[PDB]
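Some notes on the structure that comes next.
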Amino acid sequence: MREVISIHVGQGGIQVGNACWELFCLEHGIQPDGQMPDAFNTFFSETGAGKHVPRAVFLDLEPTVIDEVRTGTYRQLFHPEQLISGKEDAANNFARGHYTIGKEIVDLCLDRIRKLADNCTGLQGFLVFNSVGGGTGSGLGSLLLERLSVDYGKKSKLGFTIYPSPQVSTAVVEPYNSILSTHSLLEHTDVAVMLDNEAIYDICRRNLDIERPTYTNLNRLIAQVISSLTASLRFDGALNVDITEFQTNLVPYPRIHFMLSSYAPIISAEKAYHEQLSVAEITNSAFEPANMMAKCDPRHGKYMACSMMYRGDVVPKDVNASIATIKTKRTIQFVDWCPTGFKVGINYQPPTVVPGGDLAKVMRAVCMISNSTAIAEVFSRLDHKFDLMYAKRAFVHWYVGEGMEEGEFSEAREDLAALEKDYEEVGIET
Amino acid sequence: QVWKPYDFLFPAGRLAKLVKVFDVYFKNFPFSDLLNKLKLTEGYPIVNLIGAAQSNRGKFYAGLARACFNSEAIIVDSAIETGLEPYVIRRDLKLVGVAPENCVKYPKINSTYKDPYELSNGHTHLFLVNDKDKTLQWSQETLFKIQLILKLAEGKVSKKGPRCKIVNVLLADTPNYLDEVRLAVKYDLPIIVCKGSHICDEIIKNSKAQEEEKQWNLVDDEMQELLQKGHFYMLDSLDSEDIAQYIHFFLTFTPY
Amino acid sequence: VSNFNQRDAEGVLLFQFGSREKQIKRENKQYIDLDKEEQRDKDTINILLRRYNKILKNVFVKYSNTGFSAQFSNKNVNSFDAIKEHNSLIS
Amino acid sequence: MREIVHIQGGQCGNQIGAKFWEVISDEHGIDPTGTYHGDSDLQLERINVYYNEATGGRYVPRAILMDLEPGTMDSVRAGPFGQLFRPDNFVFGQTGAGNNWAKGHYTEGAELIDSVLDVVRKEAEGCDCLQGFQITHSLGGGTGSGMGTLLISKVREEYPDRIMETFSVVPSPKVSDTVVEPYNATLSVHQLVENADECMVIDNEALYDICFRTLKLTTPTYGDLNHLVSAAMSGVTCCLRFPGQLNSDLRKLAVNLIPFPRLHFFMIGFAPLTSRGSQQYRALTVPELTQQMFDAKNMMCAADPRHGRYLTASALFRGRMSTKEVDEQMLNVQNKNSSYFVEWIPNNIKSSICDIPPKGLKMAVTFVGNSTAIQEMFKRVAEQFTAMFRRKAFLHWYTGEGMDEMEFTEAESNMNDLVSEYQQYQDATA
Ligand SMILES: Nc1nc2c(ncn2[C@@H]2O[C@H](COP(=O)(O)OP(=O)(O)OP(=O)(O)O)[C@@H](O)[C@H]2O)c(=O)[nH]1
Ligand SMILES: Nc1nc2c(ncn2[C@@H]2O[C@H](COP(=O)(O)OP(=O)(O)O)[C@@H](O)[C@H]2O)c(=O)[nH]1
Ligand SMILES: [Mg+2]
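Chains as they are written, first to last, in the numbering used here: chain S, 1 to 430; chain Z, 431 to 686; chain E, 687 to 777; chain U, 778 to 1207.
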């Protein structure tokens, strides 16, 4: 009687949704056709006899990815008319997907959301995935969040956004729409998790020893993180954690809800079994700055609160004996007004392996969600990138001619300045 | 330096020229150099609003603005919001505000509350007058305002011609009209008494009444003496066409 | 626009001696609200719009369906009401 | 969906199209009889982009061919793949222009253009969702440079929101085949900047240089130049017809490569290009592709790109390859050449990946970069124009058909203003 609905918008969102939906189907024993040859209820729904239907909706204005989905092996799984598709792409223009073509599509998506919500009885909250540096992704994510915040109100929404890397970039105009989308979801999303690609590339290179990774390898790690986060809702555990038990433990103030994640262990089968993978060493590896899932240095800032999930055969006393060691270290310092900052969850189900993938099978794993003061650097560098081109009003004509006003750029800049001032104000000791 | 010009940007408004006057009592104030720097060097017909403040005269101000546009007249007021501003902006009229700097407020950016003594958008030229001690109050600027009006109407000294016509419009929406009327009568300037304020309505009503039926409840004895000595013309209409006809007449012809 | 941490102040007060004049000239290189206009202009325009309403409606109907909208290409207009709404709009 | 129609004018444009359509048909496996004989399923999924469907199962291009003389279209019909074109789309006059811009734009081109506009309107009104138009024509001829540019304005007036492409061959002073080239080049550039959403300049001199130096073939002919131009043309829209990691339609390139609406003159290049004798020596790798892609001699224009600074750049990779390598190589090509990239817009290179390579090649790259070095072409064109105009040479031919010298003066002034304001941003600093 506990449910959650995941929203996938944009090319990156759909490509990570595919990645998480192989993993969930594999973890619950459901074949790609949707047929089994009481834990499924969190992500799926029973049709009365036979197949299961995911509680997910796919959105995009550009039809190529959806058409690829509707012809692959998973054509029989998803309901045919929840893969909403458009005709014309926003083409990396934020104003397009927020004012011009997204408005005519958003009504169908909201109707689908209502039709899925009326089925659930114990709706925990929503999940949303969107790559921020794109037109349709950021614009439609903003519009959907704004509609949901007023249609439903206090229901919790979680956002797994992928911000651009510090120096590596695929587009040339992504700072503009990244800043605008951050403006939009700052006052509209309860949790936002950092996911830039460069850090995960470094993780793959160093640990998985892959020298030529593709997007699928990144999306599989993200899917594993999602599964670790939501395992506690569908498996028995000695110390459970619910989604609604987050803003009471990781969010000191309503404005501050951007945090960065990490995962451990990450190791290949060729050298995994030569070492014992004790809980102490994995919880040490999870706190290593080089294993952050976002390219930010935690040594440059304080910690505010750490929520970290275990799964497997871990014993609570071993967890406490390792939290003590971390509190001992002099290179990791917490904020003054937080004496204890750890929330611990323990689950029994070990992580599942996907055949043909990178990760091996292990009995212990740890996933941490940590809120730290050091996150302000990404905001500062994105702001610096934005200012350089906004000084000469470059690329603005592509946005003014799509219905957006001239002054809309300035107030996003003011909100980022306010956020940066707030992060500095919080981190000073009393 | 007795005066300093600035560019003044109204929030969500037009660019104006703002002049700070540091000593209003300065002997032989250099109006020629001031007006040259502002490019106000031609002789202009002047409509001076006496006691102008926020009022329900909307259509009357549309007629006044039309007559001023057709006569190329400069409107002079007290730099505060009157309801003339929309018509002045649309017709590109010159609106000159003269006020004590201490009695007016600068407009706030994105203020939800307008102060009634805020500088109004629509003024093309603002003259903020001070004394040496910055203690100037309303009515103390009046001598500077009339000297400025006379110089605007004369234009450049090299144009050998009569000054342009000046008409005063007594609105009396503020109580501080008396000193400006006293100076207008002293300079032999026509004064149109316009309906719509309690003071003007009393003057118009008493102008039509027989001497034995005259009741003065709001008008001071000094103003009653000025009404006998000056050239006062009663406008018992709020019609936009009637005020336009009066202004156009007095800017073209002197009936006395 | 208020800055970071600025609830409010004044955002547009003073520049050096009309310097902005050169900048405004480079940069430069109004809606008539009938409800705020003179009552005579409102009434005369409404009389003219009534007189010529049949012409204006013929012109409106003549041009409102002349544009090529890919959206209303015959196959996807599922309802007569959507066609009627489109035919009531001019681009 | 999101398909485009083809319109070509003049002899040069007709010869370019005669190879462009052959290349497209060979890519999609369409026989010269209009019958599909392809091997892969993907060859038919998005065939509606360029081809229409008729009874009997054969396919017909949606191309419109126009010229003021019938010879070139009477010759292209007898060539290979000449039967695909619908006979109804052939429109021609009986007089010709004689390389006189005035005749092809005021007297003769004005009366004929109604018939071709009728078929253009027929083609555009019918199609599912319009993406836009692409135009091939030459600026060195009268009828082409006149009728094509007037047709550009007529199309823009009726479809202001669609996108417009123009592949324009400008007359180089090295290989000159017509004495009146500067006049109709300068007159055409005046109108082309006002209406074209994108423009791509191509020079015969650069094509001869490439053929002589990189391919090292003894006797170049127009067939080789046409083949190179056709490969470059096909490379731009490849990801719109095939799936890929990051699809990017023409509008997305328009957003990311044009900073200001008047700066839309790009120069392109295609890689790899190797000689017959050295095609076995080389190994196709991403570094090998990217080193040839930014090579100065590889540009399809004689303009020297190290004489200026790139405002932005774009690359459209083809084939199956890792994205991490592409991103790191793009970063490396931008760190080692920081002097030739403008500094007030960071991360000014756009990348895209398409999983379907060209037939016969495993990897390919199409490069589209907006650079300030293009000023040199307009400088020399205007220099020749002002050298010839000061004596009023050949002016009577133009002035005898209703044109005057005032339109020449305005065109020269506007072209010089474009030259100046294009380099204005080269010296701009942050
Ligand atoms: N982690 C990850 N990021 C991706 C993936 N695909 C695209 N991105 C990121 O998404 C950004 C651009 O947005 P996209 O998702 O590609 O496109 P979009 O969101 O659909 O927006 P449009 O361009 O209008 O279609 C790029 O900067 C990439 O970094 C992916 O598969 N995995
Ligand atoms: N690439 C290519 N260029 C050509 C070909 N034929 C002519 N040209 C170029 O076109 C120019 C002459 O254009 P022209 O034929 O007069 O155009 P028209 O007036 O529209 O017919 C010459 O400078 C040639 O360089 C061809 O087959 N291929
Ligand atoms: Mg996309």
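Think of the CB as a built atom: it goes at the ideal place given N, C-alpha and C, for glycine as much as any other residue.
message: With three or more beta-carbon pairs closer than 8 Å as the criterion, would you say the region 514-521 of chain Z touches the region 494-501 of chain Z?
response: yes
task: Mark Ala-1164/U as exposed unless 16 or more other C-beta atoms lie within 10 angstroms of its C-beta, in which case mark it buried.
output: Your numbering for residue 1164/U matches position 387 in the fourth sequence. When all chains shown are included, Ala-1164/U counts as exposed.
9 Å Cβ cut-off: residues of chain U touching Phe-754/E: Residue numbering aside, residue 754/E sits at position 68 when the third sequence is read from its first letter. Per Cβ cutoff of 9 Å: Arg-898, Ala-901, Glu-902, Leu-907, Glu-935 and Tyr-936.
- prompt: In chain order, what residues of the same chain lie with their CB nearer than 6 Å to the CB of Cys-1131/U, ignoring the 5 residues before and after it?
  reply: Looking up residue 1131/U in the fourth sequence gives position 354. So the qualifying residues of the chain are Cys-1015, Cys-1016, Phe-1019, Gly-1021 and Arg-1095.
task: Could you confirm whether any beta carbon from chain E is found closer than 8 Å to the beta carbon of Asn-500/Z?
output: Counting from 1 along the second sequence, the entry for residue 500/Z is found at position 70. No, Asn-500/Z does not count as interfacial toward chain E.
field: Closest residue to residue 1208/U among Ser-1091/U, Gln-860/U and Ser-1055/U (Cα-Cα distance)
entry: Given a span of 778 to 1207 for chain U in the structure shown, any question on residue 1208/U remains unanswerable.
task: Pull every residue with its beta-carbon under 7 Å away from any heavy atom of ligand 4, and keep them in chain order.
output: Absent from the structure shown: ligand 4. Ligands present: ligand 1, ligand 2 and ligand 3.
message: By the three-class DSSP mapping on this structure, what secondary structure does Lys-154/S have?
response: For the purposes of this step, residue 154/S is identified with residue 154 of the first sequence, where counting begins at 1. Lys-154/S: coil per DSSP, three-state reduction.
task: Just grab the DSSP bridge partners of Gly-909/U for me.
output: Here residue 909/U refers to the residue found at position 132 when the fourth sequence is read from its first residue. For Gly-909/U, which the question treats as bridged, DSSP gives the partners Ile-781/U and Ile-940/U.
message: At the level of alpha carbons, what is the spacing between residue 826/E and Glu-671/Z?
response: Past the edges of chain E, shown from 687 to 777, lies residue 826/E, and the structure says nothing about it.
- request: Report the residue from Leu-523/Z, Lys-538/Z, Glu-511/Z and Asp-522/Z whose alpha carbon sits nearest the alpha carbon of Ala-529/Z.
  value: The sequence position of residue 529/Z within the second sequence is 99, counting from 1. Of the candidates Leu-523/Z, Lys-538/Z, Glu-511/Z and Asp-522/Z, the one whose C-alpha sits nearest the C-alpha of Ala-529/Z is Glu-511/Z.
- request: Return the chain-ordered list of same chain residues with a C-beta closer than 6 Å to the C-beta of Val-763/E, the five sequence neighbours on each side being excluded.
  value: On the third sequence, position 77 is the one that residue 763/E refers to. Excluding residues within five positions, the ones whose Cβ falls inside 6 Å are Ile-769.
field: Where the region 693-720 of chain E meets chain Z: residues whose CB sits under 8 Å from a CB there
entry: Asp-694, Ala-695, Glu-696, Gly-697, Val-698, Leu-699, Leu-700, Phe-701, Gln-702, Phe-703, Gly-704, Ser-705, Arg-706, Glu-707, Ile-710 and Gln-716
task: Count the CB pairs spanning the region 405-415 of chain S and the region 673-686 of chain Z that are closer than 8 Å, and state whether there are at least three.
output: no
message: Spatial neighbours of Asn-560/Z within its chain, please: C-beta separation below 8 Å, excluding the five flanking residues on both sides.
response: Translated into positions along the second sequence, residue 560/Z becomes position 130. Correct list, in chain order: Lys-450, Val-451, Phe-452, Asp-453, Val-454, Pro-530, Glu-531, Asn-532 and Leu-566.
message: Checking 8 Å against the spacing of the C-beta atoms, do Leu-700/E and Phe-438/Z come in under that value?
response: In the third sequence, the residue the question calls residue 700/E occupies position 14. In the second sequence, the residue the question calls residue 438/Z occupies position 8. Their beta carbons are under 8 Å apart, which means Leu-700/E touches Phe-438/Z by this criterion.
- request: Could you tell me which chain U residues have their CB closer than 7 Å to the CB of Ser-131/S, listed as they occur along the chain?
  value: Taking the first residue of the first sequence as 1, we reach residue 131/S at position 131. Going along chain U, no residue has its Cβ under 7 Å from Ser-131/S, so there is no contact; the nearest lies around 10 Å.
- prompt: Going by C-alpha distance, which of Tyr-99/S, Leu-116/S and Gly-48/S is nearest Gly-401/S?
  reply: By one-based count along the first sequence, residue 401/S stands at place 401. When each option's Cα is compared against that of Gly-401/S, the closest is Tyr-99/S.
field: Cβ contact check for the region 282-290 of chain S and the region 337-347 of chain S: 3 or more pairs under 8 Å
entry: no
Beta-carbon neighbours of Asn-689/E, restricted to chain S and to distances below 7 Å: Here residue 689/E corresponds to residue number 3 of the third sequence, with the count starting at 1. By Cβ distance, chain S contributes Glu-414 and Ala-417.
message: Please confirm whether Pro-460/Z has its beta-carbon closer than 8 Å to some beta-carbon of chain E.
response: Against the second sequence, residue 460/Z aligns to sequence position 30. Not an interface residue.
- request: Could you confirm whether any beta carbon from chain S is found closer than 8 Å to the beta carbon of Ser-1115/U?
  value: To locate residue 1115/U, count along the fourth sequence from 1; it is residue 338. Judged by the 8 Å Cβ criterion, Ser-1115/U is not in contact with chain S.
- prompt: Looking only at DSSP bridge pairs, what is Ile-476/Z linked to?
  reply: Locating residue 476/Z in the second sequence gives position 46, counting from the first residue. For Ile-476/Z, which the question treats as bridged, DSSP gives the partners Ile-504/Z and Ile-596/Z.
First and last residue of the uninterrupted beta strand (DSSP E) at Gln-124/S: Residue 124/S sits at position 124 when you count from the first residue of the first sequence. Unbroken beta strand (DSSP E) run through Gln-124/S: 123-131.
- request: Could you please give the first and the last residue of the uninterrupted beta strand (DSSP E) stretch that includes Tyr-663/Z?
  value: Here residue 663/Z refers to the residue found at position 233 of the second sequence. It spans 662-665 - the beta strand (DSSP E) in which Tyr-663/Z sits, taken as one unbroken run.
field: Spatially closest choice to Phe-126/S from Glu-104/S, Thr-136/S and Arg-114/S, by CA coordinates
entry: One-based indexing of the first sequence puts residue 126/S at position 126. Closest in alpha carbon position to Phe-126/S, among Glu-104/S, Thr-136/S and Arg-114/S, is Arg-114/S.
message: Along the chain, where does the beta strand (DSSP E) containing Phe-679/Z start, and where does it finish?
response: Locating residue 679/Z in the second sequence gives position 249, counting from the first residue. Here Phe-679/Z belongs to no beta strand (DSSP E); instead the alpha helix (DSSP H) covers 670-682.
task: Identify the contact partners of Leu-439/Z in chain E, using a Cβ-Cβ distance below 8 Å as the criterion.
output: Locating residue 439/Z in the second sequence gives position 9, where the first residue counts as 1. Ordered by position in chain E, the residues that pass the 8 Å Cβ test against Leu-439/Z are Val-698, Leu-699, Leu-700, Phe-701 and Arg-706.
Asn-972/U - DSSP class collapsed to helix/strand/coil: Here residue 972/U corresponds to residue number 195 of the fourth sequence, with the count starting at 1. Correct three-state label for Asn-972/U: helix.
task: Assign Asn-981/U to buried or exposed, taking buried as 16 or more other Cβ atoms, counted over all protein chains shown, within 10 Å of its Cβ.
output: In the fourth sequence, counting from the first residue as 1, residue 981/U sits at position 204. With 16 or more Cβ atoms within 10 Å of its Cβ, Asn-981/U is classed as buried.
task: State the start and end residues of the unbroken beta strand (DSSP E) segment that holds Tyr-253/S.
output: In the first sequence, the residue the question calls residue 253/S occupies position 253. Segment: none, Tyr-253/S is in no beta strand (DSSP E) and carries neither H nor E.
- request: Check whether the Cβ of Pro-948/U sits closer than 7 Å to any heavy atom of ligand 2, and report yes or no.
  value: Taking the first residue of the fourth sequence as position 1, residue 948/U is located at position 171. For ligand 2, at least one heavy atom lies less than 7 Å from the Cβ of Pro-948/U.
task: Kindly indicate the opening and closing residues of the alpha helix (DSSP H) around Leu-1066/U.
output: Mapped onto the fourth sequence, residue 1066/U falls at position 289. Element bounds for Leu-1066/U: 1063-1070.
- request: Let me know the alpha helix (DSSP H) ranges lying completely inside the region 1005-1063 of chain U, each 4 residues or longer, listed in chain order.
  value: 1015-1018 and 1027-1034
message: Taking the straight line between their C-alpha atoms, what separation do you get for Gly-660/Z and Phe-461/Z?
response: Stepping through the second sequence from its first residue, residue 660/Z is reached at position 230. Stepping through the second sequence from its first residue, residue 461/Z is reached at position 31. For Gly-660/Z and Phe-461/Z, the distance between alpha carbons rounds to 27 Å.
message: Is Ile-162/S close to ligand 1? I mean its beta-carbon at under 7 Å from any heavy atom of the ligand.
response: If you number the first sequence from 1, residue 162/S lands on position 162. Yes.
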